[PDB]
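Numbering-wise (full-length UniProt numbering), the sequence shown opens with residue 3 and increments by one. From the three backbone atoms N, C-alpha and C, an ideal C-beta is built for every residue, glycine too. Input: a single structure, listed below in structure tokens.
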Amino acid sequence: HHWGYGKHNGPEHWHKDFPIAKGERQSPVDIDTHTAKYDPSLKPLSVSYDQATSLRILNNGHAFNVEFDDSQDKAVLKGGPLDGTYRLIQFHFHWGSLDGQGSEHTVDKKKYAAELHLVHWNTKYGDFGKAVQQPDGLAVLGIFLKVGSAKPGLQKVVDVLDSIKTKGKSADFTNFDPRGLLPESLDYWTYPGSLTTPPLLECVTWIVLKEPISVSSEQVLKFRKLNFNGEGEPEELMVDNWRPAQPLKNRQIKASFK
Ligand SMILES: NS(=O)(=O)c1ccc(NC(=O)Nc2cccc([N+](=O)[O-])c2)cc1
Ligand SMILES: [Zn+2]
């Protein structure tokens with residue numbers, strides 16, 4: 003509630019409340035494409051979202067989350083580097099004030115305009131709160147966004163943002179199909195990392211897709227009209243809610259493709 007993305011509470015301050023900010027497996031990272039190792043034993047990713055049940059969209063003061071019913075195996079991620087079944091609980095984005103920045107992961111130091119995170123937790127741990135305490139508790143599928151053509155599957159999200167302008171606002175958001183947010187290819191890089199916001203827990207297997215999706219200038223402009231603040235507090239536009247790349251330290255990024 004103290005932390006954020008401003009000059010006085012931004013990523014460079016987080017370590018004072020959350021010392022794991024300087025830990026051994028922090029995210030995001032830069033993905034050096036020439037140094038990533040193809041790993042022929044990585045299985046294809048299995049994204050099974052056909053029974054997904056979205057419930058609600060919420061402005062939480064740092065981003066907006068579209069939440070799903072995760073009380074049964076309705077939308078799950080399996081395969082790739084993962085063992086077992088991971089259930090979709092929410093997705094959200096990080097984005098910039100300018101098209102030239104906004105993603106958390108970078109690719110050969112390149113920043114994308116935004117980055118989508120589809121967050122899943124390992125069902126062997128029973129619930130999300132237990133999963134985040136485990137080194138293999140979460141799998142987050144990260145997808146880069148660049149500005150170009152509109153993404154039709156994103157539009158329903160863009161159109162509800164006026165109803166959740168400020169922190170703490172939520173709206174019903176049922177029957178949304180997250181398959182409309184995926185690129186054509188599921189080729190990916192993978193490495194062990196962390197949540198990219200406090201509490202920065204080191205519980206995530208990151209799976210970052212090689213192929214970005216394109217969204218229109220009008221779509222990302224609507225992201226930038228959201229507010230970090232609550233209604234009746236001074237207006238601060240919700241932009242640049244991304245953490246910069248952290249040191250790779252003792253990790254190797256693996257690639258599913260060559
Ligand atoms: N930026 S990220 O590393 O992908 C990230 C992913 C997940 C979280 N945390 C949550 O999803 N927390 C949470 C906790 C309770 C309930 C729900 N939810 O219903 O969406 C979500 C923080 C950062
Ligand atoms: Zn995120």
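Legend entry - Cβ neighbour criterion (16 or more within 10 Å) applied to residue 42: Within the sequence shown, residue 42 is the residue found at index 40, counting from 1. Residue environment: residue 42 is assigned as exposed (fewer than 16 neighbouring CB atoms within 10 Å of its CB, all protein chains considered).
Legend entry - Inter-residue spacing [alpha-carbon to alpha-carbon] between residue 224 and residue 159: Looking up residue 224 in the sequence shown gives position 222. Looking up residue 159 in the sequence shown gives position 157. CA-CA distance, residue 224 to residue 159, rounds to 10 Å.
Inset, instruction - Check whether the Cβ atoms of residue 190 and residue 209 lie closer than 8 Å to each other. - result: Looking up residue 190 in the sequence shown gives position 188. Looking up residue 209 in the sequence shown gives position 207. Cβ atoms of residue 190 and residue 209: closer than 8 Å.
Inset, instruction - Could you say which of 187, 34, 243 and 219 lies nearest to residue 253 if we only look at CA atoms? - result: Numbered from its first residue, the sequence shown carries residue 253 at position 251. If we check each option's Cα against that of residue 253, 34 comes out closest.
Inset, instruction - Could you give the DSSP three-state label for residue 214: helix, strand or coil? - result: Residue numbering aside, residue 214 sits at position 212 when the sequence shown is read from its first letter. If DSSP states are grouped into helix, strand and coil, residue 214 belongs with coil.
Inset, instruction - Identify whether residue 22 lies in helix, strand or coil by the three-state DSSP scheme. - result: For this step, residue 22 is matched to residue 20 along the sequence shown. DSSP places residue 22 in the helix class (H, G or I) of the three-state scheme.
Legend entry - Delimiting residues of the beta strand (DSSP E) encompassing residue 93: Stepping through the sequence shown from its first residue, residue 93 is reached at position 91. For residue 93, the enclosing beta strand (DSSP E) has its first and last residue at 88-97.
Inset, instruction - For residue 138, collect the residues of the same chain with a Cβ closer than 7 Å to its Cβ; drop the 5 residues on either side in sequence, then sort them by chain order. - result: Against the sequence shown, residue 138 aligns to sequence position 136. Result list for residue 138: 124 and 207, in chain order.
Inset, instruction - Taking only the alpha-carbon atoms, compute the straight-line gap between residue 73 and residue 60 and give it to the nearest angstrom. - result: What you label residue 73 is simply residue 71 of the sequence shown in a count that begins at 1. What you label residue 60 is simply residue 58 of the sequence shown in a count that begins at 1. Rounded to the nearest angstrom, the two C-alpha atoms are 19 Å apart.
Inset, instruction - Write down every uninterrupted run of the beta strand (DSSP E) in the segment 179-209 whose length is 3 residues or greater and which is fully enclosed by it, in chain order. - result: Here the runs fully enclosed are 190-195.
Inset, instruction - Look at the Cβ atom of residue 92, then the Cβ atom of residue 156, and state whether they are nearer than 8 Å. - result: Numbered from 1 along the sequence shown, position 90 holds the residue referred to as residue 92. Numbered from 1 along the sequence shown, position 154 holds the residue referred to as residue 156. Not a contact, by the Cβ cut-off of 8 Å.
Legend entry - Nearest-residue set for ligand 2, Cβ under 6 Å from any heavy atom: That gives 94, 96, 119 and 198.
Inset, instruction - Select from 251, 245, 131 and 161 the residue whose C-alpha is nearest the C-alpha of residue 9. - result: For this step, residue 9 is matched to residue 7 along the sequence shown. Here the closest residue by C-alpha is 245.
Legend entry - CA nearest to the CA of residue 218, picked from 211, 212 and 226: Along the sequence shown, read from residue 1 onward, the residue named residue 218 stands at position 216. Distances from the alpha-carbon of residue 218 to those of 211, 212 and 226 put 226 closest.
Inset, instruction - May I ask whether a heavy atom of ligand 1 can be found less than 7 Å away from the beta carbon of residue 67? - result: Taking the first residue of the sequence shown as 1, we reach residue 67 at position 65. The answer is yes for residue 67.
Inset, instruction - Verify whether the separation of the beta carbon atoms of residue 192 and residue 256 is less than 8 Å. - result: Position 190 of the sequence shown, counted from the first residue, corresponds to residue 192. Position 254 of the sequence shown, counted from the first residue, corresponds to residue 256. Yes, the Cβ-Cβ distance between residue 192 and residue 256 is below 8 Å.
Legend entry - Opposing strand residues paired with residue 123 [DSSP bridges]: Locating residue 123 in the sequence shown gives position 121, counting from the first residue. In the DSSP assignment, residue 123 forms a beta bridge with 89 and 140.
Inset, instruction - Determine contact between the segment 62-69 and the segment 162-174, defined as no fewer than three beta-carbon pairs at a distance below 8 Å. - result: Flag = yes, the segment 62-69 and the segment 162-174 touch.
Inset, instruction - Using 10 angstroms around the beta-carbon of residue 53, count the other beta-carbons present and answer buried if the total reaches 16, otherwise exposed. - result: By one-based count along the sequence shown, residue 53 stands at place 51. Residue environment analysis places residue 53 among the exposed positions, since fewer than 16 neighbouring C-beta atoms fall within 10 angstroms of its C-beta.
Legend entry - Helix, strand or coil at residue 130 according to DSSP, with G and I counted as helix: On the sequence shown, position 128 is the one that residue 130 refers to. The DSSP-derived three-state label of residue 130 is helix.
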